[PDB]
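First up is the structure itself, then whatever we jot down about it.
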Amino acid sequence: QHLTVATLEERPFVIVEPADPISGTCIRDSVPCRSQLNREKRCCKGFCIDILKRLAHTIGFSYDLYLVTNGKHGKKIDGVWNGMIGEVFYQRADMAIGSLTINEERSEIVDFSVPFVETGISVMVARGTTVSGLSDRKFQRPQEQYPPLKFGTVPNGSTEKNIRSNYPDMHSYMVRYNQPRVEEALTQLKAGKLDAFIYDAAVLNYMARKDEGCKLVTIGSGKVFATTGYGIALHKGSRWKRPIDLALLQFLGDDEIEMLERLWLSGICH
Ligand SMILES: N[C@@H](CC(=O)O)C(=O)O
């Protein structure tokens, strides 16, 4: 009846802010979240946090929410998982929720809920920049061009895993252009230091919709990469999967998720 929940900041799905200075509490639509390093203070809000609030209410559990510091979403290195996936896999958390992408590798070792956000991989470029998309040889045969195209991703997640598995030559080229967070990637794109940023589609599309001046645009990967979704990670064989799935499927049909997309993921640019 009390669940430990791991999450990770990735705006606008999970947004972290200090407690209200005046009250010392998390006000508005925010909820208390602590750091993995530790153990109000910090407070979390956003699309995934609203999902979590509704699940807790509908299913009837209480929870302790914490932010992962041991890596990010989840990466397996030399036999060991880090990030949100590792927290669930090693049973430090009963579930993990955030912008967490379902893939085959992860699905082998944790159970996921049904997907509640559609995503995949997209490419973001400055509106001026002329490429056709991820099929462009500027991407696919990157060192065939005299001044080479500069393109990168934020490493360690499902995006990099997909590129390394399916397009190993392109992946090897991208390594020098790894970015530490989406915020720095966007900054490099705008400074011309990158020509393109390849990343999670749900996040990139949102960033395009919110770009001041609407100067950043995304191209869908088309057939280059498959579509997938965000899912809540749970212990393999978790008793929580079924009630969570039922709730999520209910939210979908009630237009509750659609409402939350409007609330959190809308922007001015189109
Ligand atoms: N949401 C993705 C982030 C990425 O593509 O790097 C993940 O769970 O790994």
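In the structure tokens, chains take letters A, B, ... by order of appearance, with residues numbered from 1 within each chain and ligands from 1 in the order shown.
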Q: Residues within 9 Å of ligand 1, counting only C-alpha atoms and all ligand atoms: report them as a ChimeraX atom specification.
A: /A:10,72-75,84-85,98-103,119-121,153-162,198-203,229-230
Got time to write the residues from that selection, N, CA and C atoms, as a compact mmCIF listing (two decimals), in the first residue's frame?
# COMPACT_ATOMS: atom_id res chain seq x y z
N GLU A 10 13.06 15.59 -16.47
CA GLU A 10 13.12 15.78 -17.91
C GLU A 10 11.92 16.59 -18.32
N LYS A 72 20.78 8.10 -15.48
CA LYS A 72 19.54 8.74 -15.90
C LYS A 72 18.41 7.73 -16.13
N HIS A 73 18.02 7.55 -17.40
CA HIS A 73 16.91 6.63 -17.69
C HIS A 73 17.28 5.18 -17.42
N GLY A 74 18.39 4.74 -18.00
CA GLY A 74 18.80 3.36 -17.80
C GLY A 74 19.79 2.93 -18.86
N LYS A 75 20.94 2.45 -18.40
CA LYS A 75 21.97 1.98 -19.30
C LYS A 75 22.62 0.79 -18.64
N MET A 84 16.94 4.88 -13.80
CA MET A 84 15.62 4.46 -13.31
C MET A 84 15.44 2.95 -13.47
N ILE A 85 15.89 2.41 -14.59
CA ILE A 85 15.77 0.97 -14.81
C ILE A 85 16.51 0.17 -13.73
N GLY A 98 8.43 8.43 -15.54
CA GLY A 98 9.01 9.62 -16.12
C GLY A 98 8.96 9.44 -17.61
N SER A 99 9.85 10.12 -18.30
CA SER A 99 9.97 9.98 -19.74
C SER A 99 10.81 8.73 -20.04
N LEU A 100 10.31 7.58 -19.60
CA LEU A 100 11.08 6.34 -19.67
C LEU A 100 10.63 5.47 -20.86
N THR A 101 11.51 5.30 -21.84
CA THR A 101 11.14 4.65 -23.08
C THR A 101 11.19 3.12 -23.01
N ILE A 102 10.13 2.49 -23.50
CA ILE A 102 10.08 1.03 -23.60
C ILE A 102 10.98 0.56 -24.74
N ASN A 103 11.93 -0.29 -24.42
CA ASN A 103 12.66 -1.00 -25.47
C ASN A 103 12.86 -2.47 -25.11
N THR A 119 6.11 7.83 -28.48
CA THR A 119 7.38 8.48 -28.74
C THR A 119 8.18 7.68 -29.75
N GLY A 120 9.45 8.03 -29.89
CA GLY A 120 10.31 7.38 -30.85
C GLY A 120 11.53 8.25 -30.96
N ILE A 121 12.07 8.38 -32.17
CA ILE A 121 13.23 9.23 -32.39
C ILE A 121 12.94 10.23 -33.48
N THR A 153 23.51 13.30 -29.96
CA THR A 153 22.39 12.99 -29.09
C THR A 153 22.86 13.14 -27.65
N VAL A 154 21.95 12.96 -26.69
CA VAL A 154 22.35 12.81 -25.31
C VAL A 154 22.54 11.31 -25.12
N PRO A 155 23.75 10.88 -24.78
CA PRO A 155 24.05 9.45 -24.79
C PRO A 155 23.44 8.71 -23.60
N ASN A 156 23.52 7.38 -23.65
CA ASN A 156 23.22 6.47 -22.53
C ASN A 156 21.78 5.98 -22.46
N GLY A 157 20.92 6.51 -23.31
CA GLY A 157 19.50 6.17 -23.27
C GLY A 157 19.04 5.35 -24.47
N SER A 158 17.72 5.25 -24.64
CA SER A 158 17.16 4.41 -25.70
C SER A 158 17.51 4.93 -27.08
N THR A 159 17.64 6.24 -27.21
CA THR A 159 18.00 6.80 -28.51
C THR A 159 19.38 6.31 -28.94
N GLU A 160 20.39 6.53 -28.10
CA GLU A 160 21.73 6.07 -28.47
C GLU A 160 21.76 4.55 -28.68
N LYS A 161 21.06 3.81 -27.84
CA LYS A 161 21.02 2.35 -27.98
C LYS A 161 20.48 1.92 -29.35
N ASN A 162 19.38 2.55 -29.77
CA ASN A 162 18.79 2.28 -31.07
C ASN A 162 19.75 2.58 -32.22
N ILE A 198 19.57 14.59 -32.52
CA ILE A 198 18.72 13.43 -32.64
C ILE A 198 18.35 12.95 -31.25
N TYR A 199 17.05 12.83 -30.96
CA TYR A 199 16.64 12.51 -29.60
C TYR A 199 15.21 12.02 -29.53
N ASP A 200 14.78 11.69 -28.31
CA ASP A 200 13.43 11.25 -28.03
C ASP A 200 12.41 12.17 -28.69
N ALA A 201 11.44 11.59 -29.38
CA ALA A 201 10.52 12.37 -30.20
C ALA A 201 9.56 13.21 -29.36
N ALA A 202 9.05 12.65 -28.27
CA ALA A 202 8.06 13.37 -27.47
C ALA A 202 8.68 14.63 -26.87
N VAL A 203 9.92 14.52 -26.40
CA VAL A 203 10.63 15.67 -25.88
C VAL A 203 11.00 16.69 -26.98
N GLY A 229 6.90 3.91 -26.90
CA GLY A 229 6.14 4.72 -25.96
C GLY A 229 6.86 4.84 -24.64
N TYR A 230 6.42 5.76 -23.79
CA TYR A 230 6.87 5.81 -22.39
C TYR A 230 6.02 4.81 -21.62
Q | Who sits within 12 Å of residue 270 (chain A), only C-alpha atoms, same chain under 6 positions skipped, as a PyMOL selection string | A | chain A and resi 127+205-211+213-218
Keeping N, CA, C and O atoms for every residue in the selection just given, could you write it to a file as a PDB file, in the first residue's frame?
ATOM      1  N   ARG A 127      15.535  25.999 -38.476  1.00  0.00           N
ATOM      2  CA  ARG A 127      14.601  26.089 -39.595  1.00  0.00           C
ATOM      3  C   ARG A 127      15.299  26.258 -40.946  1.00  0.00           C
ATOM      4  O   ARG A 127      14.886  25.665 -41.946  1.00  0.00           O
ATOM      5  N   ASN A 205       9.715  17.150 -30.006  1.00  0.00           N
ATOM      6  CA  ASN A 205       8.548  17.806 -30.563  1.00  0.00           C
ATOM      7  C   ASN A 205       8.044  18.903 -29.642  1.00  0.00           C
ATOM      8  O   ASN A 205       7.659  19.971 -30.104  1.00  0.00           O
ATOM      9  N   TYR A 206       8.050  18.642 -28.337  1.00  0.00           N
ATOM     10  CA  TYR A 206       7.666  19.663 -27.371  1.00  0.00           C
ATOM     11  C   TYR A 206       8.596  20.870 -27.429  1.00  0.00           C
ATOM     12  O   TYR A 206       8.142  22.009 -27.436  1.00  0.00           O
ATOM     13  N   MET A 207       9.900  20.618 -27.487  1.00  0.00           N
ATOM     14  CA  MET A 207      10.875  21.700 -27.504  1.00  0.00           C
ATOM     15  C   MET A 207      10.695  22.573 -28.746  1.00  0.00           C
ATOM     16  O   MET A 207      10.828  23.793 -28.681  1.00  0.00           O
ATOM     17  N   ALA A 208      10.368  21.940 -29.869  1.00  0.00           N
ATOM     18  CA  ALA A 208      10.092  22.671 -31.104  1.00  0.00           C
ATOM     19  C   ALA A 208       8.876  23.565 -30.918  1.00  0.00           C
ATOM     20  O   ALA A 208       8.870  24.721 -31.355  1.00  0.00           O
ATOM     21  N   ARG A 209       7.846  23.026 -30.271  1.00  0.00           N
ATOM     22  CA  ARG A 209       6.605  23.773 -30.072  1.00  0.00           C
ATOM     23  C   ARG A 209       6.780  24.968 -29.132  1.00  0.00           C
ATOM     24  O   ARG A 209       5.968  25.887 -29.139  1.00  0.00           O
ATOM     25  N   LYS A 210       7.837  24.950 -28.328  1.00  0.00           N
ATOM     26  CA  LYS A 210       8.047  25.981 -27.314  1.00  0.00           C
ATOM     27  C   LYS A 210       9.187  26.930 -27.664  1.00  0.00           C
ATOM     28  O   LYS A 210       9.465  27.863 -26.913  1.00  0.00           O
ATOM     29  N   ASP A 211       9.865  26.684 -28.782  1.00  0.00           N
ATOM     30  CA  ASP A 211      11.065  27.445 -29.124  1.00  0.00           C
ATOM     31  C   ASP A 211      10.769  28.937 -29.330  1.00  0.00           C
ATOM     32  O   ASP A 211       9.962  29.294 -30.185  1.00  0.00           O
ATOM     33  N   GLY A 213      10.704  32.266 -30.867  1.00  0.00           N
ATOM     34  CA  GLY A 213      10.956  32.656 -32.242  1.00  0.00           C
ATOM     35  C   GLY A 213      10.626  31.553 -33.230  1.00  0.00           C
ATOM     36  O   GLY A 213      10.657  31.762 -34.447  1.00  0.00           O
ATOM     37  N   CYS A 214      10.303  30.378 -32.697  1.00  0.00           N
ATOM     38  CA  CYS A 214       9.997  29.192 -33.503  1.00  0.00           C
ATOM     39  C   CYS A 214      11.060  28.904 -34.564  1.00  0.00           C
ATOM     40  O   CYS A 214      10.747  28.647 -35.730  1.00  0.00           O
ATOM     41  N   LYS A 215      12.320  28.935 -34.143  1.00  0.00           N
ATOM     42  CA  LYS A 215      13.440  28.806 -35.070  1.00  0.00           C
ATOM     43  C   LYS A 215      13.989  27.382 -35.117  1.00  0.00           C
ATOM     44  O   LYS A 215      14.854  27.076 -35.933  1.00  0.00           O
ATOM     45  N   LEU A 216      13.485  26.519 -34.240  1.00  0.00           N
ATOM     46  CA  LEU A 216      13.895  25.118 -34.220  1.00  0.00           C
ATOM     47  C   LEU A 216      12.755  24.212 -34.663  1.00  0.00           C
ATOM     48  O   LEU A 216      11.637  24.336 -34.179  1.00  0.00           O
ATOM     49  N   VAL A 217      13.036  23.300 -35.591  1.00  0.00           N
ATOM     50  CA  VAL A 217      12.001  22.420 -36.115  1.00  0.00           C
ATOM     51  C   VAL A 217      12.442  20.957 -36.053  1.00  0.00           C
ATOM     52  O   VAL A 217      13.634  20.659 -36.112  1.00  0.00           O
ATOM     53  N   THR A 218      11.484  20.048 -35.929  1.00  0.00           N
ATOM     54  CA  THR A 218      11.823  18.630 -35.923  1.00  0.00           C
ATOM     55  C   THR A 218      11.327  17.912 -37.168  1.00  0.00           C
ATOM     56  O   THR A 218      10.266  18.231 -37.702  1.00  0.00           O
TER      57      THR A 218
END
**Q.** Selection near residue 244 (chain A), 9 Å with only C-alpha atoms, sequence-local residues under 6 positions removed, as a PyMOL selection string
**A.** chain A and resi 55+59+113-114+232
Q: In Å, rounded to a single decimal, give me how far CA of residue 263 (chain A) is from CA of residue 186 (chain A).
A: 23.0 Å
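The list of residues with at least one atom within 9 Å of residue 26 (chain A), based on only C-alpha atoms and without residues fewer than 5 positions apart in the same chain, reads residues 17, 18, 19, 20, 31, 32, 40, 41, 42, 43 and 44 of chain A.
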Got time to write the residues from that selection, N, CA and C atoms, as a JSON list (two decimals), in the first residue's frame?
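result35.json, freshly written:
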[["chain", "number", "residue", "atom", "x", "y", "z"],
["A", 17, "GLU", "N", 11.71, 21.72, -8.79],
["A", 17, "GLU", "CA", 11.81, 23.11, -8.33],
["A", 17, "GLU", "C", 12.00, 23.09, -6.80],
["A", 18, "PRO", "N", 12.55, 24.17, -6.23],
["A", 18, "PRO", "CA", 12.71, 24.23, -4.78],
["A", 18, "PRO", "C", 11.34, 24.34, -4.13],
["A", 19, "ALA", "N", 11.24, 24.03, -2.84],
["A", 19, "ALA", "CA", 10.02, 24.33, -2.08],
["A", 19, "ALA", "C", 9.77, 25.85, -2.08],
["A", 20, "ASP", "N", 8.51, 26.24, -1.97],
["A", 20, "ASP", "CA", 8.13, 27.65, -1.86],
["A", 20, "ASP", "C", 8.86, 28.26, -0.67],
["A", 31, "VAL", "N", 4.54, 18.01, -5.92],
["A", 31, "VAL", "CA", 4.63, 17.10, -4.80],
["A", 31, "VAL", "C", 6.07, 16.97, -4.33],
["A", 32, "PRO", "N", 6.26, 16.66, -3.04],
["A", 32, "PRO", "CA", 7.60, 16.50, -2.48],
["A", 32, "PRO", "C", 8.37, 15.38, -3.17],
["A", 40, "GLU", "N", 8.92, 17.95, 1.49],
["A", 40, "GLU", "CA", 9.22, 19.14, 0.70],
["A", 40, "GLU", "C", 10.71, 19.17, 0.32],
["A", 41, "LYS", "N", 11.38, 20.30, 0.53],
["A", 41, "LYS", "CA", 12.80, 20.48, 0.14],
["A", 41, "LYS", "C", 12.96, 20.68, -1.38],
["A", 42, "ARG", "N", 12.84, 19.59, -2.14],
["A", 42, "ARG", "CA", 12.62, 19.69, -3.58],
["A", 42, "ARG", "C", 11.19, 19.26, -3.91],
["A", 43, "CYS", "N", 10.62, 19.85, -4.96],
["A", 43, "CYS", "CA", 9.25, 19.56, -5.36],
["A", 43, "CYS", "C", 9.23, 19.22, -6.84],
["A", 44, "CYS", "N", 8.35, 18.29, -7.21],
["A", 44, "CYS", "CA", 8.26, 17.79, -8.58],
["A", 44, "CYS", "C", 6.86, 18.03, -9.14]]
(Q) Could you check the closest approach to residue 126 (chain A) for each of A:189, A:149, A:265, A:219 and tell me which residue wins, using only C-alpha atoms? (A) A:189
Q | Neighbour list for region 45-53 of chain A as a ChimeraX atom specification, cut-off 7 Å, only C-alpha atoms, skip fewer than 6 positions in-chain | A | /A:12-16,29-31,97-98,260,264
May I have the residues from that selection written out with C-alpha atoms, as a PDB file, in the first residue's frame?
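Output below, filename out32.pdb:
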ATOM      1  CA  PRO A  12       8.017  18.920 -19.203  1.00  0.00           C
ATOM      2  CA  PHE A  13       7.410  15.314 -18.133  1.00  0.00           C
ATOM      3  CA  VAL A  14       9.134  15.774 -14.789  1.00  0.00           C
ATOM      4  CA  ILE A  15      10.075  19.249 -13.562  1.00  0.00           C
ATOM      5  CA  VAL A  16      11.988  19.873 -10.331  1.00  0.00           C
ATOM      6  CA  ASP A  29       0.354  21.131  -8.325  1.00  0.00           C
ATOM      7  CA  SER A  30       3.762  19.993  -7.056  1.00  0.00           C
ATOM      8  CA  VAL A  31       4.632  17.095  -4.798  1.00  0.00           C
ATOM      9  CA  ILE A  97       7.864   6.861 -13.797  1.00  0.00           C
ATOM     10  CA  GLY A  98       9.006   9.621 -16.115  1.00  0.00           C
ATOM     11  CA  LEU A 260      -2.851  16.285 -19.593  1.00  0.00           C
ATOM     12  CA  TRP A 264       1.663  20.136 -20.271  1.00  0.00           C
TER      13      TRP A 264
END
Q. Hey, what does DSSP flag as alpha helix (DSSP H) within region 42-239 of chain A? Can you give it to me as an MDAnalysis selection string?
A. chainID A and resid 47:55 83:89 104:107 137:140 158:166 168:174 182:190 201:210
Q | CA of residue 183 (chain A) to CA of residue 212 (chain A), distance in Å rounded to a single decimal | A |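 Interatomic distance, CA of residue 183 (chain A) to CA of residue 212 (chain A): 13.6 Å.
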Q: Fewer than 5 positions away in the same chain doesn't count, so skip those; otherwise give me all residues within 7 Å of residue 95 (chain A), counting only C-alpha atoms, as a ChimeraX atom specification.
A: /A:4-6,88,232-234
Q.
Write out as a ChimeraX atom specification the set of residues from region 2-192 of chain A that DSSP, computed on the backbone, places in strand (DSSP E or B).
A. /A:2-7,10,14-18,31-35,42-45,62-67,76-77,80-81,95-96,101,110-112,117-119,121-126,151-152
Q: Would you mind telling me which residue in A:239, A:54, A:2, A:171 lies nearest to residue 139 (chain A) when using only C-alpha atoms?
A: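 Comparing A:239, A:54, A:2, A:171 against residue 139 (chain A), the winner is A:171.
Each of A:28, A:150, A:34, A:235 was checked against residue 188 (chain A) using only C-alpha atoms; the smallest atom-to-atom distance is that of A:150.
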Q) When you draw a straight line from CA of residue 115 (chain A) to CA of residue 228 (chain A), how long is it in Å? A) 8.0 Å
Residue 184 (chain A): which residues within 12 Å, counting only C-alpha atoms, same-chain residues fewer than 2 positions away excluded, as an mmCIF file with N, CA and C atoms, in the first residue's frame?
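Final output, around_12.cif:
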data_model
loop_
_atom_site.group_PDB
_atom_site.id
_atom_site.type_symbol
_atom_site.label_atom_id
_atom_site.label_comp_id
_atom_site.auth_asym_id
_atom_site.auth_seq_id
_atom_site.Cartn_x
_atom_site.Cartn_y
_atom_site.Cartn_z
ATOM 1 N N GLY A 152 24.444 15.069 -32.990
ATOM 2 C CA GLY A 152 24.660 14.323 -31.776
ATOM 3 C C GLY A 152 23.367 14.036 -31.048
ATOM 4 N N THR A 153 23.510 13.298 -29.956
ATOM 5 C CA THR A 153 22.390 12.990 -29.094
ATOM 6 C C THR A 153 22.860 13.137 -27.645
ATOM 7 N N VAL A 154 21.948 12.961 -26.694
ATOM 8 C CA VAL A 154 22.353 12.807 -25.307
ATOM 9 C C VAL A 154 22.537 11.314 -25.123
ATOM 10 N N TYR A 177 29.997 14.163 -30.661
ATOM 11 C CA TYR A 177 28.995 15.221 -30.550
ATOM 12 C C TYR A 177 27.969 14.963 -29.437
ATOM 13 N N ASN A 178 28.234 13.963 -28.607
ATOM 14 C CA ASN A 178 27.402 13.732 -27.414
ATOM 15 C C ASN A 178 27.155 15.014 -26.638
ATOM 16 N N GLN A 179 25.928 15.189 -26.149
ATOM 17 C CA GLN A 179 25.572 16.363 -25.343
ATOM 18 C C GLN A 179 25.178 15.913 -23.943
ATOM 19 N N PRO A 180 25.422 16.763 -22.934
ATOM 20 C CA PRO A 180 25.158 16.314 -21.557
ATOM 21 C C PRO A 180 23.683 16.353 -21.131
ATOM 22 N N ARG A 181 22.928 17.318 -21.649
ATOM 23 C CA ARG A 181 21.500 17.442 -21.398
ATOM 24 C C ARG A 181 20.846 18.040 -22.625
ATOM 25 N N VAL A 182 19.522 17.971 -22.696
ATOM 26 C CA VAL A 182 18.804 18.577 -23.806
ATOM 27 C C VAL A 182 19.024 20.082 -23.874
ATOM 28 N N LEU A 186 20.275 22.050 -27.234
ATOM 29 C CA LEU A 186 19.523 23.125 -27.899
ATOM 30 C C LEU A 186 20.370 24.383 -28.068
ATOM 31 N N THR A 187 21.149 24.699 -27.044
ATOM 32 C CA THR A 187 22.076 25.817 -27.086
ATOM 33 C C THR A 187 23.118 25.649 -28.194
ATOM 34 N N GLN A 188 23.622 24.432 -28.350
ATOM 35 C CA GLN A 188 24.622 24.166 -29.378
ATOM 36 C C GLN A 188 23.982 24.228 -30.752
ATOM 37 N N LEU A 189 22.752 23.737 -30.866
ATOM 38 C CA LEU A 189 22.041 23.832 -32.137
ATOM 39 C C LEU A 189 21.923 25.289 -32.569
ATOM 40 N N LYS A 190 21.511 26.142 -31.637
ATOM 41 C CA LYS A 190 21.276 27.554 -31.944
ATOM 42 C C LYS A 190 22.568 28.325 -32.203
ATOM 43 N N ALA A 191 23.668 27.855 -31.624
ATOM 44 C CA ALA A 191 24.969 28.481 -31.816
ATOM 45 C C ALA A 191 25.652 27.959 -33.080
ATOM 46 N N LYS A 193 26.896 25.137 -33.393
ATOM 47 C CA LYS A 193 27.892 24.141 -33.000
ATOM 48 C C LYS A 193 27.420 22.729 -33.322
ATOM 49 N N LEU A 194 26.104 22.520 -33.323
ATOM 50 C CA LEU A 194 25.530 21.321 -33.927
ATOM 51 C C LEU A 194 24.675 21.759 -35.095
ATOM 52 N N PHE A 197 20.145 17.639 -33.883
ATOM 53 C CA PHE A 197 20.096 16.959 -32.592
ATOM 54 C C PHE A 197 19.096 15.825 -32.715
#
